[PDB]
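Listing of target.txt; format and content: compact mmCIF, C-alpha atoms and all ligand atoms.
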# COMPACT_ATOMS: atom_id res chain seq x y z
CA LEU M 456 33.05 119.51 95.71
CA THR M 457 32.43 117.53 98.90
CA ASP M 458 32.78 117.49 102.68
CA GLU M 459 35.35 115.63 104.77
CA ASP M 460 37.69 116.95 102.03
CA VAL M 461 38.87 119.62 104.44
CA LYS M 462 39.45 116.90 107.04
CA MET M 463 41.51 114.63 104.80
CA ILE M 464 43.51 117.39 103.10
CA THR M 465 44.39 119.14 106.37
CA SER M 466 45.16 115.85 108.15
CA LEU M 467 47.67 114.91 105.46
CA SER M 468 48.87 118.54 105.27
CA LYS M 469 50.06 118.10 108.85
CA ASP M 470 52.63 115.58 107.57
CA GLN M 471 55.03 118.27 106.20
CA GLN M 472 56.62 115.92 103.65
CA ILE M 473 53.56 116.85 101.56
CA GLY M 474 55.65 118.89 99.13
CA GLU M 475 57.73 115.89 98.12
CA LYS M 476 54.69 113.60 98.23
CA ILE M 477 53.04 115.92 95.69
CA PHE M 478 56.23 116.01 93.64
CA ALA M 479 56.28 112.19 93.55
CA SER M 480 52.51 111.92 92.93
CA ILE M 481 52.68 114.18 89.87
CA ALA M 482 53.33 112.19 86.67
CA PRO M 483 53.86 108.58 87.84
CA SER M 484 53.86 107.27 84.24
CA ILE M 485 57.14 109.10 83.53
CA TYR M 486 60.71 108.48 84.67
CA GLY M 487 63.09 111.18 85.78
CA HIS M 488 62.42 114.83 84.95
CA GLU M 489 61.91 115.48 88.67
CA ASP M 490 62.66 119.13 87.98
CA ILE M 491 59.70 119.26 85.60
CA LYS M 492 57.41 117.33 87.98
CA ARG M 493 58.18 119.95 90.61
CA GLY M 494 57.86 122.79 88.11
CA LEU M 495 54.50 121.63 86.87
CA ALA M 496 53.40 121.31 90.50
CA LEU M 497 54.16 125.00 90.93
CA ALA M 498 52.34 125.73 87.67
CA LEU M 499 49.34 123.65 88.72
CA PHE M 500 48.86 125.25 92.11
CA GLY M 501 49.79 128.70 90.78
CA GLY M 502 50.39 131.87 92.77
CA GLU M 503 47.78 134.55 93.41
CA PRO M 504 46.40 137.34 91.21
CA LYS M 505 46.60 140.87 92.54
CA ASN M 506 46.05 144.39 91.28
CA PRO M 507 47.51 147.22 93.39
CA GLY M 508 44.81 149.72 92.63
CA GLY M 509 43.07 149.34 89.30
CA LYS M 510 46.31 150.00 87.47
CA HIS M 511 48.76 147.06 87.61
CA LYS M 512 48.07 143.56 86.27
CA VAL M 513 50.18 141.16 88.35
CA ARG M 514 49.14 137.57 87.75
CA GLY M 515 48.90 134.32 89.68
CA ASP M 516 49.43 131.94 86.74
CA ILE M 517 52.78 130.17 86.37
CA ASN M 518 53.37 129.34 82.71
CA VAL M 519 55.75 126.52 81.80
CA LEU M 520 57.71 125.47 78.72
CA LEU M 521 59.38 122.11 78.44
CA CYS M 522 62.02 122.20 75.71
CA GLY M 523 63.24 118.71 74.95
CA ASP M 524 65.06 116.58 72.46
CA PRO M 525 62.73 113.95 70.96
CA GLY M 526 61.38 110.89 72.71
CA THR M 527 61.52 112.31 76.25
CA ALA M 528 57.94 112.26 77.53
CA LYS M 529 56.93 115.84 76.68
CA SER M 530 53.54 114.80 75.33
CA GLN M 531 53.37 112.22 78.14
CA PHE M 532 53.68 115.06 80.66
CA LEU M 533 51.11 117.17 78.82
CA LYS M 534 48.59 114.36 78.72
CA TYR M 535 49.07 113.78 82.44
CA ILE M 536 48.25 117.43 83.10
CA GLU M 537 45.18 117.14 80.86
CA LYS M 538 44.05 114.05 82.76
CA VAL M 539 44.51 115.48 86.24
CA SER M 540 43.73 119.21 86.20
CA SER M 541 40.11 120.34 85.90
CA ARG M 542 39.41 122.86 83.16
CA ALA M 543 42.26 121.49 81.09
CA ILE M 544 42.32 121.29 77.33
CA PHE M 545 44.85 120.12 74.76
CA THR M 546 45.96 121.78 71.55
CA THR M 547 48.80 121.44 69.09
CA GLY M 548 50.82 123.84 66.98
CA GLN M 549 50.10 121.55 64.04
CA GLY M 550 46.66 121.34 62.45
CA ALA M 551 45.58 118.06 64.11
CA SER M 552 44.29 119.92 67.17
CA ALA M 553 41.17 118.85 69.04
CA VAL M 554 40.71 122.49 70.12
CA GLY M 555 42.33 125.53 68.52
CA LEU M 556 44.27 128.45 69.94
CA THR M 557 42.55 131.06 67.79
CA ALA M 558 38.96 132.18 68.29
CA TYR M 559 36.51 132.01 65.40
CA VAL M 560 32.77 132.25 64.80
CA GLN M 561 31.02 129.98 62.33
CA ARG M 562 28.15 127.51 61.95
CA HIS M 563 29.23 124.55 64.04
CA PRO M 564 28.70 121.43 61.88
CA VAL M 565 27.31 118.75 64.20
CA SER M 566 24.67 121.24 65.50
CA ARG M 567 24.44 123.73 62.59
CA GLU M 568 23.97 126.64 65.02
CA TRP M 569 26.05 129.76 64.64
CA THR M 570 28.57 129.51 67.46
CA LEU M 571 31.28 131.80 68.71
CA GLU M 572 33.86 129.08 69.08
CA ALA M 573 36.15 130.95 71.42
CA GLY M 574 39.62 129.50 71.25
CA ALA M 575 41.55 127.10 73.41
CA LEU M 576 42.74 129.52 76.08
CA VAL M 577 39.35 131.12 76.77
CA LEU M 578 37.91 127.62 76.91
CA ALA M 579 40.63 126.96 79.54
CA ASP M 580 39.99 130.36 81.14
CA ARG M 581 40.56 129.23 84.73
CA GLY M 582 42.97 126.32 84.34
CA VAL M 583 45.36 125.02 81.72
CA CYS M 584 45.76 125.17 78.01
CA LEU M 585 48.36 122.57 77.00
CA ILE M 586 50.27 123.39 73.81
CA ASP M 587 52.01 120.27 72.54
CA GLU M 588 54.59 120.95 69.84
CA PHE M 589 54.66 124.63 70.80
CA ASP M 590 57.58 125.17 68.36
CA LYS M 591 55.60 124.87 65.09
CA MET M 592 52.34 126.78 65.76
CA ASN M 593 51.34 128.90 62.78
CA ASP M 594 51.98 132.63 62.99
CA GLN M 595 48.32 133.34 63.74
CA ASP M 596 48.63 131.06 66.76
CA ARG M 597 51.89 132.81 67.65
CA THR M 598 50.03 136.12 67.62
CA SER M 599 47.17 134.69 69.62
CA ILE M 600 49.24 133.00 72.32
CA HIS M 601 51.49 136.06 72.64
CA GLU M 602 48.51 138.36 73.03
CA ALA M 603 46.96 135.89 75.45
CA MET M 604 49.84 135.61 77.90
CA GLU M 605 50.53 139.36 77.54
CA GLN M 606 47.05 140.91 77.71
CA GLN M 607 45.35 137.89 79.30
CA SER M 608 42.37 138.81 77.10
CA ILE M 609 41.62 137.58 73.56
CA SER M 610 40.26 140.41 71.41
CA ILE M 611 37.89 139.06 68.76
CA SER M 612 36.77 141.35 65.93
CA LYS M 613 35.68 139.03 63.12
CA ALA M 614 32.09 139.39 61.85
CA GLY M 615 30.59 142.12 63.97
CA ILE M 616 31.71 140.65 67.29
CA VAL M 617 34.13 143.32 68.51
CA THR M 618 34.62 141.95 72.01
CA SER M 619 37.40 140.81 74.34
CA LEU M 620 36.93 137.45 76.03
CA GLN M 621 39.11 137.26 79.10
CA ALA M 622 41.60 134.36 79.01
CA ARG M 623 43.26 133.74 82.40
CA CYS M 624 45.21 130.82 80.97
CA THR M 625 47.93 128.94 82.85
CA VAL M 626 49.67 127.74 79.66
CA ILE M 627 51.82 124.63 79.66
CA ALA M 628 53.82 124.00 76.50
CA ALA M 629 56.29 121.58 74.90
CA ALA M 630 58.88 122.36 72.21
CA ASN M 631 61.45 120.34 70.28
CA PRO M 632 64.72 122.29 69.88
CA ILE M 633 66.23 122.96 66.49
CA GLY M 634 67.96 119.97 64.92
CA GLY M 635 66.20 117.48 67.18
CA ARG M 636 68.89 117.76 69.85
CA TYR M 637 69.62 120.24 72.61
CA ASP M 638 72.82 122.24 72.04
CA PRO M 639 74.35 123.34 75.38
CA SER M 640 76.86 125.64 73.64
CA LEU M 641 74.12 127.91 72.33
CA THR M 642 71.67 129.49 74.74
CA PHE M 643 68.06 128.40 75.23
CA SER M 644 66.58 131.22 73.18
CA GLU M 645 68.79 130.67 70.16
CA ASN M 646 68.57 126.85 70.18
CA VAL M 647 64.76 126.88 70.50
CA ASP M 648 62.76 128.38 67.64
CA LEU M 649 60.49 130.44 69.96
CA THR M 650 61.07 134.17 69.64
CA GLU M 651 62.32 136.30 72.54
CA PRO M 652 59.07 137.74 73.98
CA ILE M 653 57.29 134.40 73.79
CA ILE M 654 60.14 132.54 75.47
CA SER M 655 60.47 135.28 78.11
CA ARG M 656 57.22 135.30 80.05
CA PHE M 657 57.02 131.54 80.68
CA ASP M 658 57.50 131.29 84.43
CA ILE M 659 59.52 128.08 84.07
CA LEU M 660 61.78 127.03 81.25
CA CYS M 661 62.89 123.42 81.57
CA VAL M 662 65.49 121.61 79.47
CA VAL M 663 65.14 117.92 78.64
CA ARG M 664 68.33 116.33 77.30
CA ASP M 665 68.33 112.67 76.29
CA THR M 666 71.84 112.02 77.48
CA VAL M 667 72.99 108.47 76.80
CA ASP M 668 73.91 106.74 80.04
CA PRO M 669 74.19 103.07 81.16
CA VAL M 670 72.23 103.17 84.42
CA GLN M 671 69.69 105.73 83.19
CA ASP M 672 68.88 103.77 80.04
CA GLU M 673 68.73 100.52 82.03
CA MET M 674 66.23 102.07 84.45
CA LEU M 675 64.12 103.56 81.67
CA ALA M 676 64.02 100.33 79.67
CA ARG M 677 63.12 98.24 82.72
CA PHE M 678 60.30 100.65 83.55
CA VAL M 679 58.93 100.61 80.00
CA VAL M 680 59.06 96.83 79.59
CA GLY M 681 57.47 96.40 83.01
CA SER M 682 54.62 98.64 81.91
CA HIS M 683 54.30 96.66 78.68
CA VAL M 684 54.11 93.23 80.30
CA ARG M 685 51.72 94.65 82.90
CA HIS M 686 49.56 96.01 80.06
CA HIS M 687 49.42 92.75 78.13
CA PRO M 688 45.70 91.87 77.69
CA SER M 689 46.11 88.80 79.96
CA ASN M 690 46.56 90.78 83.21
CA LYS M 691 43.02 92.23 83.17
CA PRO M 714 52.53 109.39 96.91
CA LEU M 715 48.81 110.21 96.83
CA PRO M 716 45.98 109.09 94.50
CA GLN M 717 45.23 111.34 91.56
CA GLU M 718 41.74 112.50 92.52
CA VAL M 719 42.93 112.99 96.10
CA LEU M 720 45.51 115.29 94.55
CA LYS M 721 42.75 116.95 92.51
CA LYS M 722 40.68 117.77 95.59
CA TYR M 723 43.90 119.08 97.10
CA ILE M 724 44.40 121.13 93.93
CA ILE M 725 41.05 122.90 94.01
CA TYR M 726 41.13 123.36 97.80
CA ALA M 727 44.60 124.93 97.75
CA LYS M 728 43.85 126.85 94.52
CA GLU M 729 40.66 128.65 95.64
CA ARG M 730 40.12 128.39 99.40
CA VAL M 731 43.69 129.08 100.60
CA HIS M 732 45.46 132.38 99.86
CA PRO M 733 48.83 132.50 101.64
CA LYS M 734 49.91 136.04 102.41
CA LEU M 735 53.43 137.45 102.41
CA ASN M 736 54.83 139.80 105.01
CA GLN M 737 57.16 137.12 106.44
CA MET M 738 60.15 136.86 104.11
CA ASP M 739 63.61 138.40 104.22
CA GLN M 740 62.79 141.32 101.92
CA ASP M 741 66.37 142.56 102.24
CA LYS M 742 67.74 139.07 101.50
CA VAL M 743 65.82 138.80 98.24
CA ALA M 744 66.58 142.41 97.26
CA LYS M 745 70.29 141.75 97.70
CA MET M 746 69.70 138.45 95.89
CA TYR M 747 68.51 140.26 92.79
CA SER M 748 71.39 142.69 93.27
CA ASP M 749 74.01 139.94 93.37
CA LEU M 750 72.55 137.84 90.55
CA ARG M 751 72.16 140.75 88.16
CA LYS M 752 75.55 142.17 89.18
CA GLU M 753 77.20 138.89 88.21
CA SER M 754 75.14 138.74 85.02
CA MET M 755 76.33 142.21 83.96
CA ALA M 756 78.11 141.32 80.69
CA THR M 757 77.69 141.31 76.92
CA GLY M 758 75.48 138.65 75.39
CA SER M 759 74.30 138.06 78.97
CA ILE M 760 70.65 139.23 79.01
CA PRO M 761 70.30 139.41 82.80
CA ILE M 762 67.84 138.37 85.44
CA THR M 763 65.24 141.15 85.84
CA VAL M 764 62.00 142.07 87.63
CA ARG M 765 60.20 139.46 85.50
CA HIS M 766 62.29 136.92 87.31
CA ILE M 767 61.83 138.50 90.72
CA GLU M 768 58.04 138.49 90.37
CA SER M 769 58.22 134.93 89.08
CA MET M 770 60.15 134.22 92.27
CA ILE M 771 57.29 135.61 94.35
CA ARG M 772 54.75 133.61 92.31
CA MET M 773 56.72 130.44 92.98
CA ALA M 774 56.94 131.30 96.69
CA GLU M 775 53.16 131.70 96.90
CA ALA M 776 52.75 128.48 94.95
CA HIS M 777 54.84 126.52 97.40
CA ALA M 778 52.91 128.07 100.29
CA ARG M 779 49.67 127.03 98.54
CA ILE M 780 51.16 123.57 98.09
CA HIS M 781 51.88 123.43 101.81
CA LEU M 782 48.31 124.63 102.61
CA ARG M 783 49.43 127.18 105.15
CA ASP M 784 47.86 130.69 104.83
CA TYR M 785 51.33 132.25 105.37
CA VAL M 786 54.43 131.92 103.21
CA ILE M 787 57.51 130.83 105.19
CA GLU M 788 61.29 130.99 104.69
CA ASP M 789 61.20 127.29 103.74
CA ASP M 790 58.82 128.08 100.88
CA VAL M 791 60.90 131.09 99.87
CA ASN M 792 63.99 128.88 99.82
CA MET M 793 62.30 126.33 97.54
CA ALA M 794 61.01 129.02 95.16
CA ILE M 795 64.50 130.55 95.07
CA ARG M 796 65.91 127.10 94.27
CA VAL M 797 63.59 126.36 91.36
CA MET M 798 63.72 129.85 89.85
CA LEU M 799 67.51 129.93 89.99
CA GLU M 800 67.74 126.40 88.55
CA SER M 801 65.57 127.49 85.63
CA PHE M 802 67.66 130.61 85.05
CA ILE M 803 71.05 128.88 85.09
CA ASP M 804 69.84 126.08 82.82
CA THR M 805 68.53 128.74 80.45
CA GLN M 806 72.05 130.15 80.51
CA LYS M 807 74.62 128.41 78.28
CA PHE M 808 77.23 126.00 79.56
CA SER M 809 80.21 128.11 80.63
CA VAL M 810 78.14 130.86 82.22
CA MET M 811 75.87 128.12 83.59
CA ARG M 812 78.81 126.56 85.39
CA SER M 813 79.92 129.96 86.70
CA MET M 814 76.48 130.70 88.13
CA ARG M 815 76.07 127.16 89.48
CA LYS M 816 79.45 127.27 91.22
CA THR M 817 78.87 130.69 92.78
CA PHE M 818 75.20 130.04 93.72
CA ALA M 819 75.34 126.41 94.87
CA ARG M 820 74.34 127.57 98.38
CA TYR M 821 70.72 128.12 97.29
CA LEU M 822 70.53 125.10 95.00
CA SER M 823 71.99 123.09 97.89
CA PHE M 824 68.67 123.32 99.73
CA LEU A 539 53.40 146.34 95.26
CA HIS A 540 53.02 142.61 95.81
CA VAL A 541 52.27 143.02 99.53
CA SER A 542 50.29 146.28 99.46
CA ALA A 543 47.88 144.94 96.84
CA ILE A 554 43.99 160.82 92.25
CA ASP A 555 42.01 157.77 91.08
CA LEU A 556 41.91 155.94 87.76
CA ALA A 557 38.28 156.68 86.87
CA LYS A 558 38.70 160.30 87.91
CA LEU A 559 41.85 160.57 85.81
CA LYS A 560 40.32 159.14 82.63
CA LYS A 561 37.25 161.33 83.04
CA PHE A 562 39.52 164.35 83.54
CA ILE A 563 41.44 163.37 80.40
CA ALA A 564 38.27 163.30 78.32
CA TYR A 565 37.20 166.55 79.97
CA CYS A 566 40.36 168.44 79.02
CA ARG A 567 40.36 167.06 75.47
CA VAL A 568 36.75 168.03 74.81
CA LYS A 569 36.81 171.39 76.60
CA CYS A 570 40.04 173.27 75.86
CA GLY A 571 41.91 173.94 72.65
CA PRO A 572 45.49 174.80 73.68
CA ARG A 573 47.30 176.91 71.11
CA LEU A 574 50.62 178.57 71.88
CA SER A 575 51.50 182.27 72.06
CA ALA A 576 53.90 184.13 69.78
CA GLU A 577 56.59 184.55 72.46
CA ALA A 578 56.57 180.79 73.05
CA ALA A 579 56.73 180.32 69.28
CA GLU A 580 59.79 182.56 69.04
CA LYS A 581 61.54 180.73 71.87
CA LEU A 582 60.79 177.44 70.13
CA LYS A 583 62.18 178.93 66.92
CA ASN A 584 65.47 179.82 68.61
CA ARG A 585 65.86 176.45 70.28
CA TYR A 586 64.79 174.76 67.02
CA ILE A 587 67.61 176.34 65.06
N1 LIG O 901 61.28 109.38 80.84
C1 LIG O 901 60.39 108.63 80.18
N2 LIG O 901 59.56 107.85 80.89
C2 LIG O 901 58.67 107.09 80.23
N3 LIG O 901 58.47 106.99 78.92
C3 LIG O 901 59.31 107.77 78.24
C4 LIG O 901 60.28 108.60 78.78
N4 LIG O 901 60.96 109.27 77.77
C5 LIG O 901 60.40 108.83 76.67
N5 LIG O 901 59.40 107.92 76.89
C6 LIG O 901 58.58 107.26 75.89
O1 LIG O 901 58.94 107.82 74.65
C7 LIG O 901 57.83 107.67 73.74
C8 LIG O 901 57.63 109.02 73.11
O2 LIG O 901 57.10 109.90 74.12
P1 LIG O 901 56.48 111.30 73.75
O3 LIG O 901 55.13 111.16 73.17
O4 LIG O 901 56.58 112.17 74.98
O5 LIG O 901 57.50 111.89 72.71
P2 LIG O 901 58.33 113.23 72.55
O6 LIG O 901 59.69 113.12 73.09
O7 LIG O 901 57.49 114.35 73.12
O8 LIG O 901 58.32 113.43 71.00
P3 LIG O 901 57.73 114.43 69.93
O9 LIG O 901 58.64 115.59 69.76
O10 LIG O 901 57.57 113.59 68.67
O11 LIG O 901 56.36 114.81 70.49
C9 LIG O 901 56.62 107.33 74.62
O12 LIG O 901 56.48 105.92 74.57
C10 LIG O 901 57.12 107.63 76.03
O13 LIG O 901 56.61 106.58 76.84
MG MG O 902 55.42 115.15 71.98

Turn the structure described in the file into structure tokens.
Amino acid sequence: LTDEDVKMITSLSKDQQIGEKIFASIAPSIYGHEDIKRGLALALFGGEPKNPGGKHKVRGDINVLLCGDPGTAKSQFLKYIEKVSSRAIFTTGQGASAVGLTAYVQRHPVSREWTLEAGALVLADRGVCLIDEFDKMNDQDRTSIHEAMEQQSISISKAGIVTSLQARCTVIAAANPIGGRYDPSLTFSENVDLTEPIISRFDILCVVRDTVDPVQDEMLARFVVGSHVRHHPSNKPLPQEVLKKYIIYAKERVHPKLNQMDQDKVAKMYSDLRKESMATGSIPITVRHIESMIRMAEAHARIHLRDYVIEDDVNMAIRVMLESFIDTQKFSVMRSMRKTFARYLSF
Amino acid sequence: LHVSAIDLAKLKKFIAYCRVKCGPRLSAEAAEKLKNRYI
């Protein structure tokens, strides 16, 4: 917290390239994966939480899953998010985790006082839990993360502590597909070992293919060796904490409101997309996706620091949500949807 | 819903109220109609 923060953040927010400046300030120690830099930006800034009445839990958290063939900066991304976002913690599906997904009560060893060690999510109640190697978490952690992103409350009943600690997580995750290589012929769900309900609710699915290419590999190698020579022990976009002040400002103080979007356009959008997707083995776009679209719209409005979502923001949220959906879809159907919906992905 | 965002407390209280107060138990004519439609 500080003052003059409003001055600096608004003064740069006037610039209106701020969306791309954020996209190029997120994850500078990684090459490519611009789709995932953008997607994690939308996850970081989030949407808004609402409850029409006291009856409907609609959430403001945008949950993300990178699925990637090995050696493609998944953990590098996750550790960037841990570094930058306040109330971030890290955890792994394997047993080497600094902090665990489950909640347990015991006598904590270094203090020998009888703690309720509430799990990773609850400890990241406001911000981000980061699940590296999301594809191997034990079944108890599967249960816990499912119940977290579904209920958004973790229901502990171990010793006599029959309580429910609220967990408003904004889960990021990384997963290695089966066989150590992405298989475009099969669909996302059946070439990643995450079951259907778990893979569903993640607001972004991203695919990371390590496609051999001359210029790409040349660029990547030059970047890595440059980092290495720069990080020899003889040599001893916006700054990251500037971005962090932007993050908290646009995450708490600014709540862009939505009465200013082509309601009919998006309704017919869902109509057309689902109408094309009507087919066998073609699990279609649904209201999950349309609410994710609104979340992404709000997130881009947040990112622009506006107080009112605009058609530009709605266009960008359409673009990213549709990109995620087509790349979830397998190759032939992906090409069909890409060809017939290039107008939105053009923007 | 996204833009707009009896009562819930009243409804749950009413639910508990009905459950504790009344024991509904059908009449023979209703039982005979259910018999016919059951066959
Ligand atoms: N696009 C990239 N930019 C920079 N470094 C990269 C990139 N892709 C891979 N690397 C390098 O690859 C090495 C492995 O990265 P990382 O820890 O992300 O592995 P991974 O692909 O997530 O593997 P695993 O499934 O074992 O976790 C790191 O040195 C990382 O720097
Ligand atoms: Mg990794």

Within 12 Å of ligand LIG 901 (chain O), which residues show up when you count only C-alpha atoms and all ligand atoms? List them as a PyMOL selection string, please.
-> chain M and resi 482-489+491-492+521-535+547-549+586-591+628-636+663-666+671-683

Return the neighbours of chain M among the residues of chain A, cut-off 8 Å, counting all atoms listed in the file, as a list in words.
-> residues 539, 540, 541, 542, 543 and 556 of chain A

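Picture a line from CA of residue 564 (chain M) to CA of residue 576 (chain M); it runs 21.5 Å.
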
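Between CA of residue 476 (chain M) and CA of residue 714 (chain M) lies a distance of 4.9 Å.
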
Record the distance separating CA of residue 558 (chain M) and CA of residue 540 (chain M), expressed in Å with one decimal.
->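 Answer for the CA of residue 558 (chain M) to CA of residue 540 (chain M) separation: 22.6 Å.
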
Excluding region 751-759 of chain M and any residue of its chain fewer than 2 positions from it, enumerate the residues within 10 Å of it, using all atoms listed in the file, and give them as a ChimeraX atom specification.
-> /M:642,745-749,761-763,806-807,810,813-814,817
